[PDB]
Structure formats: C-alpha cells, structure tokens
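The next block holds one structure in the form of structure tokens; read it before the comments.
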Amino acid sequence: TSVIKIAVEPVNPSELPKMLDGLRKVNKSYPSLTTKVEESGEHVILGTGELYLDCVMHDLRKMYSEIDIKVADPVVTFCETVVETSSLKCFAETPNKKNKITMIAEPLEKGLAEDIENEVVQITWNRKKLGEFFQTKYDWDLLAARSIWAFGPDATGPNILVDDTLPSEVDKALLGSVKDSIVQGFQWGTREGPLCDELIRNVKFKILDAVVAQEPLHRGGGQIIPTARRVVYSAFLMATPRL
Amino acid sequence: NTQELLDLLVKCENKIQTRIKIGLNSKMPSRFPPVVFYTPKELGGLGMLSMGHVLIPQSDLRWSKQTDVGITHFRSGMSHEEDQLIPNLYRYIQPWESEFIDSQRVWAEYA
Amino acid sequence: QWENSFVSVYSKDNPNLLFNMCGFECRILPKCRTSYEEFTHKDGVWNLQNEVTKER
Amino acid sequence: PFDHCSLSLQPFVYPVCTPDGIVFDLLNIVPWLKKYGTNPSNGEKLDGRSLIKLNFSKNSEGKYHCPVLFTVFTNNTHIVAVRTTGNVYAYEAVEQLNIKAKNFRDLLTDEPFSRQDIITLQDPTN
Amino acid sequence: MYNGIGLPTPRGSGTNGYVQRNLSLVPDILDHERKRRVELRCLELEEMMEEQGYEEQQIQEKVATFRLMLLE
Amino acid sequence: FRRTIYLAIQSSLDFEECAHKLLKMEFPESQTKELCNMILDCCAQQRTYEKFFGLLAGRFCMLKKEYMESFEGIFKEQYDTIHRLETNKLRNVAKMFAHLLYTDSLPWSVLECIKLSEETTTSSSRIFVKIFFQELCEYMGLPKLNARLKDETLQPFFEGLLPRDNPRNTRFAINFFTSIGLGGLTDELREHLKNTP
Amino acid sequence: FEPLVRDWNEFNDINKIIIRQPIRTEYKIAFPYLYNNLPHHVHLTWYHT
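Chains as they are written, first to last, in the UniProt record's numbering: chain G, 585 to 827; chain H, 1280 to 1390; chain R, 1169 to 1224; chain L, 38 to 163; chain P, 1 to 26, 55 to 100; chain E, 455 to 651; chain U, 279 to 284, 292 to 334.
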C-alpha cells in the first residue's frame, strides 16, 4: 500500500518544465512511485517508505534534473467512511427537474469489503453467483443480492450501490435505462470523496426512490450524474462523516 | 522583548572586558575572573555594571520568523566562573508602564 | 519621500497597527479583533485602557 | 480573479465574456465600444456581435459555481464555457463527460454542441 | 541535539554557545423499505411454498395471502 | 535558601528565566510551600507592584499542586495578617492576589474567607478588597466579572460577600459595592432584599 | 564544525501543518534528502547490519 505524501516544488518556478522532465524520468524508472499534478496546482508524489522516498529524491536531485527544489514534510493519503446509517434522506433532482433520486448510506462490514479487495467477490460472475456468495457467507438477502448494482470507485472499490424499491424497481425500462449513468455518478462520488478528496471505503448506499422522467432522454442522460453524486454526498454527509 | 539587543549587549560587554585584558597583556580566562570587573570601586575593583550574564531565550528558527511561538531553549550569556549568579541592571530599573501609573496616582493625590 | 516614510493600514484584513516613534517600534492589537488568545506576559506589552469605560 | 471585470478590474453583476477568454462587463464594455471601439484585453478593435452572454451557476450560497458538478467556481477551479447553449459547466465536467464519450451535446440542456464551441474562460493551469 | 537551536558556530560570539532546555517549561424511508419488507414477504413465501410445492398455484396461493393479509 | 532565591530572582530577566534557574538548582521537596510564600514575601517588599513575582509563584503553582493549596493558605494568611502592613504593601498585596485570581491561579472559591459584615471587616480588609475588585474588573472587563460573581456554583463562597441572610451587613456590604462603584452587583442584590420583606 | 557556506515559503505555512511528532536533527541526518532542502556535499550513511 502506497501511503506517503510528498509535495515538491522548484525554488524558482522558472525551471518547472525541467522539474517535470525529472519527475517523468523517475516515474518511468520506478514501478509504483505515483506522481500527480494536484488541483492546488502542486506536484505530489505518493510512495512507500522513508528509505524509498529518500533514494527517490537522491536520484531526482542527483541525476535526472539538477535544479534546486523545495520539499514539504511527509503526510498521509486519507480515507473516508461512516459509522451508522443515514437516518434521513436528501434526494437530488436533475438540473432540468426531471429525475428525483432518493438514496441513503450506512456502513458495510469490513470482511466483505476485504473480499471486494481480494477479488473473491468478482461480479464478473452472474448475479446468481453473487447471491450464492453473499447469502452463503454473511446472511445477506437474496433480494439484496438482486439489488446490488455495483461497487463504486473502480474495479475493486469497497463500497456498494444497491437498488431496493420493488414497485418502482420493476420499472426496468427506465431504471435499466439509467443504471449506467447511475454507476458513473456513484463511482464519481466514491472516488472523489465527499469531505477531503480522498477515497471512501466500506460503505453501503441503497436507492429507495427513483422517480424517473418518462423517456429519460438526453435531458436525464446528461444532467443525471452530478445529481447522482449529490445523492451520494447527501446520504453520507447527512448522517455520519468519519476519517 | 528585543532578542537582538540581548545579543548585542552580550557581545559588546565582553568586547569591553577583552579590551581591558588586552590592556594588561593576556586574555587568559583564569587570570581575570568576574570578581575583578564587577567588584565595586570601593573594594578596588573596576565597577562594571552588567547585562550580559542573562540566558538568551531561543525558539525554533522557522516558526520564530512566522508566528511568535514561545521559548523552548536558553542559550547562555557571558561565561561566569561558577554558578555565581551575577545581577542585572534591568531588575533595578523600573518599567515605564508602572511609573506612569504611579505618577498618575501620586500627583492626583497631591492635588 | 516614499522611501523614508512608512504607512500602515488597519482594516478587516490587518488587525495590527504598527508605527515607529521616538525610538520605539510599537504595534497595537485590540482585543475585539483577532485576539481569541490573550495573555498578560513579559513587560514589553503595555495594556492600554479606555478611559471612559475603564476596561482594557 | 474569477468573476470581476477586467477594464474596471472590478466586479461584474452581469457578465459578457470575450470570445477570447476574459470577462468584459457588458454594461461598461458597451461604453468602451461606444466611446472607443477597441478592446482592453487587446488594444485592437473587435466586432460587436461576438460579445455573447455567460451563465455562472449559483448554489444555496449564491456563489457563481458550476451547475453540473455543483462545484464552487473560484480562482483555482478550471472553468470552460459552452457558447451555443448559453451555459458554462466546469471544464473538468465537460471534458470527462464529452471528451471521453462522443456525445458532444450541451452541459445543462438536451442540446448538441460543436467540438470547438467550448472555450476556457478561467484556468489557473494554462 | 542541534534542533534548530543555538549558534552555527560559537566562534566569534563571546559565549561558548552552550544550549539547554528551559527547565521551567510547563418520509419515504419507512414506506420505501416497507415495500422491501413486502418484498421478501412475497419472495420467501413463494420460496417456502416452492420448498413445500412448486405448482405455482399453491405458491401463488401462499403469496397472495402473504401480500393481502400483511398489507391490511 | 532565601539568599539564593533572592539572587536567582535578581539575576534573571523574567519569570521564565528565573523559574528555569530555580528548577535547575535543586532543593529538598520540603520547602515548596515556602517557595511560594517566599516569592510572596519578596514582591510584598518590592518598590511597587510588578506582576513578575505573581507570574513566578503562579507558574510554580501551575507546575505542581503544592503551591496551589499553598496559595490557598497564602491568601488565607494574608487575610489573617493583612492589617500588618502599610497601605503601600497592602496595595501590592491586593494587586498580587488579583493577578492570581484573574489568571485563575487562585480559585474563586477562596472568597469564603471574606465576610462582608461591618464589624467583621477591618478597614484594612475594606481597602484590600477595594483595590482587589477594581483590579479584577479593570482587568477582566466588568461583564464577565458580573457573570462569574453571579454563577451559583461559587455563591457558597460568595455569600460572605453578598449578604441577603443578614440584612444589616446586607445594607453595609451593598453600600461598599456601591462605594467601589459596581452598581450592577449592588442593585441586583438589594433588589432581592427589596423583594424580601 | 564551522558552517560550510554561511524570505517567504508556503510549505512552512503554520495553518497547513500537522505536528504530531516534532522533527529533530537525528531525522534530518538519517534521511538527508527527505528531511532537508538544498542538501549539498552530503554522504548518505545507513546500516542495517
């Protein structure tokens, strides 16, 4: 797990393109040293350990680029989560007021998120296998397994977007229309974090009210995703942030 | 409150002492303990008044030029022969802000 | 001349008013403004007092 | 900064951006063109019908955010604009939602868009 | 430890530069999930019916009461 | 001892450096209370009040409880032997305890030893508490002075100062709060005494 | 030894830092390049013998 955070700058901003050449060369010469040009305008590096980062900057200042460069102090990359279920709802409706989405949030258990990380629950299965896995091990509902749509951040993200509101759920025309954008916005909110722009982990969101504009056309199709992630944030921030 | 004076006064006081040593012909630190400089002039000494035997309070350069951090360490002032505790002129002078209140009350009640 | 002079503003961004008189270098900071934290400490700090209400 | 005029270098209550990228507060840019037809961003005179209006969204705080992402737009956030629709959605929003896909439509409405109709109006990384 | 305290060099300073530390320092929510209660109420009923017979009329019997007798 | 203490004091520049010098010498743990009472003695005999000595013995109190309870007794004892000085010494004494109080080094509890009856109050005590409370209000501002002098959790101590029980010393002590000019406290409690009969 | 050679910064902003354990010269010498800007004429000595 790469966890250490190091921001770097040249002393005179003039030679920043050369500093960029150097950060290229280290990124190419190192396996998992990961650099990012962060929205604050900065250049952050994410790494493993003290000796690791030491020899990193040793080569950076020694060989690749010979500018003088300032270096901030080490810090961590963070995670976000909840402690208990979103006791109420804020529900987001598209810019053109066409789709009302009610969803809430709560905590999963650690183990199943661990399995999500283990690739043990690979949804590359059929929903049937999903159900076997889930109900078998952790007394999940079979219908909860039917309700699990996806996993958030990326291929392996420890949170789960679930859809459980039966009579409006059998609107498989409009919902089975909207699942794609729904998942886009979900993984959006999960990756970009509701509080501090770091990853969320091990959290369960449940869709309980999908009032879809009939023919959820490009109006929905386009103006649906920020609405979805705002639903995500509403649930989370409403009833219980945690670090 | 000026941490740059305190250093100025240490260095300047000990330059004056050193010119007296150089006036005799040696700077050995044990030929000239403090006693010969600070003894009053009745007992034959020279009669110096000192402010360089204080401890100079030191604090964390970086945040010292940033946000008034406090006092963590104490550099030493001039070097005195033992513990020896040499007094201070500042403690025998009386601050202004307190003289201004005295004078307030004193002339009020004389009026 | 602007080179030998010195101007100091107090506003909603500067809570300190700095000036430089007979030989002293002074800086006034009110209590209402950004002093959540106040001490009474070494003497370098005169505690000015408002002579109508008599409160510092 | 973000939402202030440039010739006045003061705030604009109603904006009209330049087809080049800055904020030309129409109320005084029309005085500037009706008294000396040139532009302050570029001392060369520039035609009239190019000064289109702009849409800076607003939250429960009223701040000139981006509507799509709900992202408050200040001097750090990258802001693109869509000319033909009349709406401005955040540059990152428009980029990852249309420069990944091939639906080059509008960012607030159901309208298509032209692959060059989006111009950078505010970007501290440029 | 030279912890950013002291002199660079106590050479031309008139002191030995010795340092020390200051010793005196110190509303749909229930209704949305009610249909979810009603959900498995129809599901497992026809399951516990198919466990005891899957003619789909014996189980549509079991579900309809589990739907109507509950929703009353 | 007192020689070495007076000399560390008179050789330092502020209570920080003096406290460092004292703790860097060492003594037996026996004389802690008299450490505090000694800084007391020295300031009492000073030219004029300067919060040096206050801040110093108060810092000792901050560094251990010995001087906290020691100062419980120290205030007690200056209330016992406060007539013993002249007006000058008594002024610095009152300003001393006042610095203690608004720095909260002494607890506002100690007011129990302050019985505001006429016949119990030496004129010396009267002037002492006069300068004391003027220092408190002109230090803290009057509002939170009224607020804390109001909160009931301390009224057990404060009773001796604010008489409702005995009406004679009610008249007297409220007239004294009138005297020092804290009309708020004065008229609030003689309001209650208005309502009483 | 005598020192070898002889305004504003943002990383030193005191509002953005978290001091959970305070840096010391032992760290600044253990990791010369991580814990020090402009580390010049430096030997990086380490031993896990």
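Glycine residues also receive a C-beta, built at the ideal position from the N, C-alpha and C atoms.
Cβ neighbours of residue i in the same chain (closer than 7 Å, five flanking residues each side left out)
i	result
U/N321	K313
P/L7	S13, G17
L/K137	none
H/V1333	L1285, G1356, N1367
L/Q47	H41
Chain-ordered neighbours of residue i on chain U, where CB pairs are closer than 7 Å
i	result
P/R11	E280
residue 560 of chain G	Examination of residue 560 of chain G is not possible in this model, given that chain G is present from 585 through 827 alone.
Residues that residue i contacts on chain U, provided the C-beta gap is smaller than 8 Å
i	result
H/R1354	Simply none; closest approach about 16 Å.
G/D652	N322, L323
G/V659	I303
G/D638	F316, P317, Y318, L319, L329
Closest residue to residue i among the options (Cα-Cα distance)
i	options	result
G/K721	G/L750, G/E693, G/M687	G/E693
U/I299	G/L607, G/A656, G/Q706, G/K589	G/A656
G/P691	G/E650, G/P742, G/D643	G/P742
E/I568	E/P617, E/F481, E/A601	E/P617
E/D534	E/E592, E/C472, E/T574	E/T574
E/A462	E/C496, E/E483, E/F612	E/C496
G/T618	G/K682, G/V587, G/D652, G/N786	G/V587
L/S78	L/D62, L/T122, L/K71	L/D62
H/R1341	U/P307, U/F279, U/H328, U/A315	U/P307
R/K1222	E/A511, E/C472, E/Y593, E/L639	E/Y593
R/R1201	R/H1209, R/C1190, R/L1185	R/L1185
G/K682	L/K82, L/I89, L/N112, L/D147	L/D147
L/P56	L/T162, L/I156, L/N163, L/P161	L/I156
G/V659	U/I304, U/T330, U/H325	U/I304
Where residue i meets chain G, residues with beta-carbon distance less than 8 Å
i	result
L/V125	The premise fails here: L/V125 is roughly 13 Å from chain G at the closest Cβ pair, so nothing lies under 8 Å.
residue 37 of chain P	Between 26 and 55 in chain P the model has nothing, and residue 37 of chain P is one of the residues in that span.
Beta-carbon gap between residue i and residue j smaller than 8 Å
i	j	result
G/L630	G/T661	yes
L/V105	L/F150	no
H/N1293	H/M1330	no
G/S649	G/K602	yes
G/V767	G/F789	no
E/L554	E/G508	yes
G/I808	G/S765	yes
L/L64	L/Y73	no
E/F514	E/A552	no
8 Å Cβ cut-off: residues of chain H touching residue i
i	result
E/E470	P1336, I1350
Test: residue i CB closer than 8 Å to a CB of chain U
i	result
H/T1297	no
H/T1318	no
P/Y2	yes
G/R645	yes
H/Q1383	no
CB contact check: residue i to chain H, cutoff 8 Å
i	result
E/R501	yes
P/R64	no
E/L461	yes
Under 7 Å by beta carbon: chain H residues contacting residue i
i	result
E/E504	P1374, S1377
Sequence-distant residues of the same chain with beta carbon closer than 8 Å to residue i, five excluded per side
i	result
H/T1318	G1324, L1325, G1326
Beta-carbon proximity list for residue i, same chain, < 6 Å, skipping 5 on both sides
i	result
G/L644	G606, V610
R/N1215	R1224
P/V26	none
L/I59	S43, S78
8 Å Cβ cut-off: residues of chain P touching residue i
i	result
E/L477	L23, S24
Closer than 8 Å to chain G by CB, residue i
i	result
P/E61	yes
U/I299	no
L/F110	no
Cβ of residue i within 8 Å of any chain R Cβ
i	result
E/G595	yes
Within chain R, partners of residue i - CB distance below 9 Å
i	result
H/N1280	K1210, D1211, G1212, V1213
Below-8 Å beta-carbon distance, residue i vs any chain P residue
i	result
G/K788	no
residue 441 of chain E	What is shown of chain E runs 455 to 651, which leaves residue 441 of chain E out entirely.
G/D723	no
Within chain R, the residues that residue i reaches when beta carbons sit closer than 8 Å
i	result
E/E589	Near E/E589 there are no residues of chain R at all, since even the closest Cβ is about 11 Å away, more than 8 Å.
Residue i at chain E interface by Cβ criterion, 8 Å
i	result
H/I1365	yes
Closer than 7 Å at the beta carbon, the chain E residues around residue i
i	result
H/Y1369	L467
Closer than 7 Å at the beta carbon, the chain L residues around residue i
i	result
G/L801	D147
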